[PDB]
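S.K.: Mind looking over this structure? Questions follow.
Counting neighbours? That spans all protein chains shown, and the Cβs are built from the backbone with ideal geometry, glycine included. Only the coordinates and a few stated rules stand behind these numbers; no lab work does.
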Amino acid sequence: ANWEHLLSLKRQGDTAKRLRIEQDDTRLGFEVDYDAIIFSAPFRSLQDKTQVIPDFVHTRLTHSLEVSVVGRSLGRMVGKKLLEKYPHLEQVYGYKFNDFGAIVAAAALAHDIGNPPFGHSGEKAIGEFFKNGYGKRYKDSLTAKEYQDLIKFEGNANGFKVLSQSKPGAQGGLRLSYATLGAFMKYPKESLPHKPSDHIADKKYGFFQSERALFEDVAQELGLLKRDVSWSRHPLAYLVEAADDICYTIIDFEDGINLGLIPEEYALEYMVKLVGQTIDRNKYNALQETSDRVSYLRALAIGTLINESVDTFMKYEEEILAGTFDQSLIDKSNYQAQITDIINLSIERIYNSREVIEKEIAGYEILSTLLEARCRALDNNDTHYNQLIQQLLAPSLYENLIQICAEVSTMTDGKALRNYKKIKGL
Amino acid sequence: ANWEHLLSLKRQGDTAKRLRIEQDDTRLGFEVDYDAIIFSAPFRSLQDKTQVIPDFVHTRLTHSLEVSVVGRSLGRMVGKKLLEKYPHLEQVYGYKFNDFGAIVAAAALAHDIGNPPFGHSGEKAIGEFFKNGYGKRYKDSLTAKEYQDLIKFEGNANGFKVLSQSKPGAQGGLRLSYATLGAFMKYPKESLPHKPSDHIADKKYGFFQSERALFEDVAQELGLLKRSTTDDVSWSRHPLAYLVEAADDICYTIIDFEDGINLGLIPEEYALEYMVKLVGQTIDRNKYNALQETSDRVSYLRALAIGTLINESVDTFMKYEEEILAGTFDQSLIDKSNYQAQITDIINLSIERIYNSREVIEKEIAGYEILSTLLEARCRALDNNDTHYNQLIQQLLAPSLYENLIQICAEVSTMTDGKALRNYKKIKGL
Amino acid sequence: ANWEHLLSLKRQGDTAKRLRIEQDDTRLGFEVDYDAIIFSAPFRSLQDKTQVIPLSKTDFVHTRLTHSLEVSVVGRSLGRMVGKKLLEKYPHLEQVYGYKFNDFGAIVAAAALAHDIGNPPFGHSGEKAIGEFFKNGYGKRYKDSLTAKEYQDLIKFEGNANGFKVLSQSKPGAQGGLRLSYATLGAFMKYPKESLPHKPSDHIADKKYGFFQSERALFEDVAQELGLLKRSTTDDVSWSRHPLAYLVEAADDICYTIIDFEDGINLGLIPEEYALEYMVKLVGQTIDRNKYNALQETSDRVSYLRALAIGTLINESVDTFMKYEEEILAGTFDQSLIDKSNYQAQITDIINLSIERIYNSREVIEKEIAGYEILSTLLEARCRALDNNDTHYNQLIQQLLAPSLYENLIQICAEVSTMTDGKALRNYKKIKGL
Ligand SMILES: [Mn+2]
Ligand SMILES: [Mn+2]
Ligand SMILES: [Mn+2]
C-alpha cells in the first residue's frame, strides 16, 4: 500500500484527479469533510440519541465530539512522524501533518453516525426482528448475504450508508474524501463469511450489500490490499478505533462515578498507573469536588493513552501498511490490565445497572414495533390502516428492507418513543 | 307516494292510527321525537365523540345540534311551500309547516347517533376486524348479508338500531314517529347488493339484518316506493331524507372549513377566496372589514354561506319535488347546486389540510388499535364464556351468533372516545 | 394423634430432639418463629401487595401485610384461649412436658402471620393467570417432559403451596429457609396433600393442595415428626390437618369476612345504610347503641361494629374447636370452624354482599384483567428466556428478572408470585415499551 494513494482527496463521481499540491489550504478537502458532517441531519440527530444511559450523561454527539478531538491529536502526531519517515509525502506531494489529523477527526466524528436509538441493544433488536420476529418471512426471498446484513444489522455499515447514500439532487451523500471513508471503515468486509478470523477487523462487517459497489470503488482508489470481498484496513482506521476505545473506556468510567454507580475510590485505584508519572499531587489534593478530581484523572489517563497509541502505531507501521497487524492499537497497550478492570467494572455497574437493562428491554419492543408496522405496510400497501401507517412513518425487497432499517435508525430516542406510542395509542 | 302517509305519526307497536288532527299541538308527536332524543343516553354520549379532530373542535353533539338547526329551517321553508302546493294536507289532515321542520330537525338531531368513536377510521376498523382480523372465522357461520353487515359496518345502520332497540320494559327504543324514522333513512336498503348504482341512496346501507323487519314496517306505513327488482329489499328515500342530507352536507362542508381556519390548519386567505361566490350578494363589506378577529370574520362568512345554501336547497327540492316523490331523483340536493365547484374546492382543501394532518392521522391510527383490541376481547369471550378471564371481560365490557356479533359492534360504537381508550388501557393493563 | 408430638419444636436439619421443658422461655422456639417472619424479606414484600382492592393514595386500603397482621392478632387470641382449655383438659401437657397456654397462641400467631406470604399479586386472577399459562398458554409445551403431579402443580398453581416453598426454600448459605418449628409449619398447612388427586372429597382440606412436588420430602418429614394421621395409602400422600390449622383458618375467615366489609363501607363500595342490617345479629347483644349513635364518623361506627363482631366470632370459634376437639384430633372433622357457626347465614350474607359490591366492582375487575396480562407477559418472557438462554434479549430478561426442568418452572412461578404489585407492573411496562 502507498501512502500517496491512501490519502486520496477523491469524492464520489469525480471525473478528474484531485492533487494535494493543488488544493486551496483554506478549503482543504479533508477539513471540509468535518464541516459537512457537523451540518448534516444525521449528525444533528445524535443530539437526542443515547450512548449507554438514558442529570448529565454523554449522548452520542458529545461522545462523537470527544472521539473526534482525541482522533485529531492521534492524527496530528502520527502525521508528523509519518512525514519524517517518508519525506517525499510532503516534499513531492505536498501533504502536511494536519491533513492526517483532519482525516482521523472527520472519520471519528462520523464513526457512530449510523447507530440506532438505544445503542447496541438497538442493533440487536433490529437483527432479532429479522432472525425470529416478523421479519423472518423474507428469509427465502433474500440472498444469504442480504439476510445476514439484516439479522446482524450493523451500525457501522449503516453509517457507511448514511454518509454515501445517493438521492435525487444529492448523489454521493455527504461526498466525503475517499481517505476519510477509508479511515471510517474499521471492518472492510461484507456480512459473510461470519468472523472468518479472530482479528478485530473480521469481528463485524462494514458495508451492506447495497453499498458493496461503492466501497469497492473506495478500496480501489485507496489501493487497499485485498484480504466474498474483504480488504486490509486503511492504516488511519486504527487511530479512529483507538480514539473511540480511549474515550468510551475512560469516559464511561467517569460518568459512572458521577452518577453514583461506581464508588469514587475505584478511580484512583484503577487509574494510578495511567496518571502516576504526570499527575500533580498538590493539584489533586486541593480539588474539593469528586467531579473535578475524576475529570483531572481522565484528562491525564487520556493523554497517557494517546501518547502510547501513537508509539504503538509507529512501531507497527509497516505491519499495518502490509495488512499483517493482528490486533487493535489498544490491545497492545501496557495498561491492558487496568483498561480491563475499568471496562469490567463499567459493565458490572453501568451496563448491567437496572435502568440500563430496563431501557434496553423497552427499546427492543419499541424498535420491533416500528419495524413491524413498516414491513406490514410494505407487504400490503392496500388496507386503510397501512395507508395511514405510511403517511405517519414514510411519506427491490432487499432495498426496501435495508431502507426501512436505515430510517428506523435515524430516529432519535425520543422520536422513536412518540411514534411507537401513537401506533399503540398511548 | 302520498304525503299523507309519508307524514305518519305512528310509533312502534301502535294498534290504532294516529290522526294529525287529533294531536295535542302542545305535545305534537314530531316535536316529542326531538325532546326524546335530547334526553336520551345515546345522544349525551355524542359530547365525547369526535366529528373530525380529537382547543375547541366540533364534537358529534355540537355538529348534530347545528345540523338539526339548519334542518329545521329547511323543513320549515319546504313545509310552507308544500302546503301551498298540496293545500289538502293542512285543510283536511291538519298538518302545519312546523311539522315539516320538526321531522327534519329530529331526524337531523339523530343522524349521526350510531357513529363509532374515532370517526370514519372507527367504522373502517370495525369492518376490517371481520374482513382482515380475528372476525373472519364467523364467515362460514353467517349469511352473505349478515357478514356484509359486519365487514361494512355502517354507523348509519347502527343509528337505526340505537333509535329502535327493544329491551325488556322498553320495546321500540325511543319509539320515534315513523315519519321521523323515514327522514333518518338516507340509504333505505340492506347491506347487499353492494353499491348497485351510482345513486347516493345506494352508496351504503341503512339497516342491519336484525332491524330489517322494523324498517319493513316503517316503509309500509309510509308508503315508500319499492325500488329493488330482486329478493334484496330497497326502497326510494322519504322526501324529507333529502333535507336531512342537505343540512348535514351544508354543515360539515362549511363548518369543518371554519374549524380548520380557526385551528391554523387552513390559512385565513382561503376563507374569502373560496366563499366569495357563496356570500357576495349578501355580505356587508364594511361589517366584515370592521371585524378584528379572524374567528368573527369567518363565522360571519359561514353564516352567510349557510344562508345561501339553505335558500338554494329549498329551491332545488321544490324544483325536483315530483321526481323525489316518485323515486326518480338521481342525486343529492347539494349535487345540483350552482356552487358545486366552490363546495368541492372547500371539501378538497379540508381533506388535504385537516383529515390528512399529522395530528388527525396519529389519532386515527391510535383509534384503530383501540377499537381493534376491544372487538377481539369481546369476541374471544363470546366463543369461550367459561374461562375466568372471559368472565371478567364480560363483567367489564358487557354487564344467536349474528345477533351477538351485531350487538358487540353496537356496544363498541356506543363507547365515547375516552371510554374506548380507558377500556383498551386496562385490557392491556395500564 | 398426640398433642406432645403435634407441638414439635423441631427445625429442619435437627439432629437431636428439642424438649419443651428445656427451652429458654425468653427464646421460645415458637415465638422466635414469629420474629423471623417479621424480619424476613417475603413478609416485608407484603407491604406493597394488594389484598383485595388495588392500593391508592387517596384512601387507606388493606395490604397483604396489614391483613396478615390482623389475622395473626386474631389467631394469637384464638390460640391463647384454646391453649388454656387444652391445658386444662390434658394437664399432663403442662405438668410433665412444660407447655404453657401462650405456646399455642405463638404457634397460631406465627402460622397466621405467614399464611398469605406466598400468594401471587393481583389476587386469585394471579393464580389462574399462572395456571392457565401452563394449561393452554406457552407453558403447555412442557406437559410431556413433566409428571402428572409436576404439571398439576403448574396448571393449578396455588399460593398456599408457594407459601410453604417460600418459608422453607434452601439457597446457598441459607438451608431450610426461615427454619420455622414443625408445629408452626403444621398449623400453616391447611391442605396437607399434593396436587393430585384433585378434590378427592368435599372436605375443605381437600379443596386445594398445600405443597409442591419440590417440597414433598420436607412435608413428609414434617408430618412424620408431628404424627399427623394418614389420609392416603397410595403414592399420592395426604394427611389430616394439624388441629391448630383450624384456628389459623378461622382467624383468616373472621378477618376477611368482617374487614372486607369494613373496607367496603369506608371506601364507599357498600352503602353505610347496610352496616347495621348485616351486623345486627353478630353484634346485637354487645353493641352500645347510644355509643354507636354518638360516634360522628362512619369509619368509627364501622370499626366499632367490626371489633364487636370479631369478638363474637372469636369466642364462638374457641367453643366450636373445643366441642369438636376429639373429632379434630382424630382427623374426622369434615368442615371449618366457621361453617359450624350459629351466624353462618349472616356470614354468608356479608360475604355475598362483598362479592357483589367489592369483588365485582369495576376497579377490582379492572385490576384482575390487568393482572392476567401482566403475569402472563412475565411468565412468557421468563419461559422463553429459559428455553433459549443464548439470545441477547433473553440475557437481558435474565438480568432484569432473575440474576431440572420442573425445578426451573416451579422457581419461575415462585419468583413471579413474590413480586409486589408495583415491581410486576414496572417490569411488565418495560417489556412492553412504557
Ligand atoms: Mn463510539
Ligand atoms: Mn353528520
Ligand atoms: Mn388471608
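S.K.: Would you check which residues across the stretch B:215-237 are of a type in the set (D, E, K, R) and closer than 19 Å to B:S177 by Cα and list them?
M.R.: Selection gives B:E216, B:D217, B:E221, B:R237.
S.K.: Quick one: is B:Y205 among the hydroxyl-bearing types (S, T, Y), closer than 25 Å to B:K124 by Cβ and buried (at least 18 other Cβ atoms within 10 Å of the Cβ)?
M.R.: yes
S.K.: So, A:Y138, is that one within 18 Å of A:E399 (Cα to Cα), surrounded by fewer than 23 Cβ atoms within 10 Å (Cβ to Cβ) and aromatic (F, W, Y) or not?
M.R.: yes
S.K.: Which members of the stretch B:138-159 meet the condition of being in a helix (DSSP H, G or I) and either within 13 Å of chain A (Cβ to nearest Cβ) or of a type in the set (A, V, I, L, M) (or both)?
M.R.: Scanning the stretch B:138-159 gives B:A144, B:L150, B:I151, B:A157.
S.K.: May I pose another question? Restricting attention to the stretch C:224-231, does a residue exist that is under 17 Å from the mean Cα position of the chain (by Cα) and not hydroxyl-bearing (S, T, Y)?
M.R.: The answer is no, given that none of the residues of the stretch C:224-231 is under 17 Å from the mean Cα position of the chain (by Cα) and not hydroxyl-bearing (S, T, Y).
S.K.: Considering only residues of the stretch B:71-105 that are acidic (D, E) and buried (at least 16 other Cβ atoms within 10 Å of the Cβ), which is farthest from B:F317 (Cα to Cα)?
M.R.: B:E90
S.K.: Also: Quick check on the stretch B:249-268. Is at least one of its residues over 25 Å from B:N356 (Cα atoms) and away from ligand 3 (no atom under 16 Å from the Cβ)?
M.R.: Checking the stretch B:249-268: not a single residue is over 25 Å from B:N356 (Cα atoms) and away from ligand 3 (no atom under 16 Å from the Cβ).
S.K.: Which of the helices (runs of 4 or more DSSP H) contained wholly in the stretch A:1-106 include at least 3 residues that are charged (D, E, K, R) and farther than 28 Å from A:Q165 by Cβ?
M.R.: Hits in the stretch A:1-106: A:60-85.
S.K.: To continue, here is another question. Please state which one of A:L214, A:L222, A:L274 is over 27 Å from A:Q51 (Cα atoms) and in contact with a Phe, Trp or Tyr (Cβ under 7 Å, 6 or more places away or on another chain). Walk me through it before giving the result.
M.R.: Details: A:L214 fails: in contact with a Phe, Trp or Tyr (Cβ under 7 Å, 6 or more places away or on another chain); A:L274 fails: over 27 Å from A:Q51 (Cα atoms).
Within the list A:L214, A:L222, A:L274, the selection yields A:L222.
S.K.: Right, next: Pick from the stretch A:349-372 the residues that are more than 7 Å from every other protein chain (Cβ to nearest Cβ), touching a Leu at 6+ places or on another chain (Cβ under 8 Å) and not polar (S, T, N, Q): which of them is surrounded by the fewest Cβ atoms within 10 Å (Cβ to Cβ)?
M.R.: Once the filter is applied, the top-ranked residue is A:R354.
S.K.: Further, regarding this structure: Just the residues that are within 14 Å of chain B (Cβ to nearest Cβ) and of a type in the set (G, A, S), please, taken from the stretch A:391-426.
M.R.: A:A394, A:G425
S.K.: Conditions first: (1) out of contact with any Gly (no Cβ under 6 Å at 6 or more places or on another chain); (2) crowded, with 20+ Cβ neighbours inside 10 Å. C:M189 passes all but one, so which condition is the exception?
M.R.: Checking C:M189 against (1) out of contact with any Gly (no Cβ under 6 Å at 6 or more places or on another chain); (2) crowded, with 20+ Cβ neighbours inside 10 Å, the one that fails is (1).
S.K.: Any idea which residue in the stretch A:42-64 is farthest from ligand 3 (Cβ to nearest atom), counting only those that are buried (at least 18 other Cβ atoms within 10 Å of the Cβ) and of a type in the set (A, V, I, L, M, F, W, C)?
M.R.: Residue satisfying both the conditions and the ranking: A:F43.
S.K.: Cβ contacts < 6 Å: first residue away from chain A (no Cβ under 11 Å) and farther than 14 Å from B:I370 by Cβ, restricted to the stretch B:126-137; second residue of a type in the set (D, E) and surrounded by fewer than 17 Cβ atoms within 10 Å (Cβ to Cβ), any location; separation 6+ or different chain. Result?
M.R.: Qualifying pairs under 6 Å: B:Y134/B:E376.
S.K.: Is it fair to say C:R384 is within 14 Å of chain B (Cβ to nearest Cβ), over 15 Å from C:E132 (Cα atoms) and more than 23 Å from the chain's Cα centre (by Cα)? Quick ask: steps written out before the conclusion?
M.R.: Working: within 14 Å of chain B (Cβ to nearest Cβ): no; over 15 Å from C:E132 (Cα atoms): yes; more than 23 Å from the chain's Cα centre (by Cα): yes.
Considered against the rule, which asks whether it is within 14 Å of chain B (Cβ to nearest Cβ), over 15 Å from C:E132 (Cα atoms) and more than 23 Å from the chain's Cα centre (by Cα), C:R384 comes out as no.
S.K.: Shifting gears a bit: Could you say whether any residue in the stretch A:121-134 is farther than 18 Å from A:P193 by Cα and assigned to a loop (DSSP other than H, G, I, E, B)?
M.R.: Scanning the stretch A:121-134 turns up at least one residue that is farther than 18 Å from A:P193 by Cα and assigned to a loop (DSSP other than H, G, I, E, B).
S.K.: Kindly provide the set of residues from the stretch A:398-426 that are more than 16 Å from A:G114 (Cβ to Cβ), in contact with a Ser or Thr (Cβ under 8 Å, 6 or more places away or on another chain) and not β-branched (V, I, T), ordered by number.
M.R.: A:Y398, A:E399, A:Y420, A:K424
S.K.: Could you tell me whether B:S68 is within 16 Å of ligand 2 (Cβ to nearest atom) and among the polar types (S, T, N, Q)?
M.R.: Values: within 16 Å of ligand 2 (Cβ to nearest atom): yes; among the polar types (S, T, N, Q): yes.
It is true that B:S68 is within 16 Å of ligand 2 (Cβ to nearest atom) and among the polar types (S, T, N, Q).
S.K.: So, A:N344, is that one within 11 Å of another protein chain (Cβ to nearest Cβ) and surrounded by fewer than 18 Cβ atoms within 10 Å (Cβ to Cβ) or not?
M.R.: Taking the combined requirement at face value, the residue does not satisfy it.
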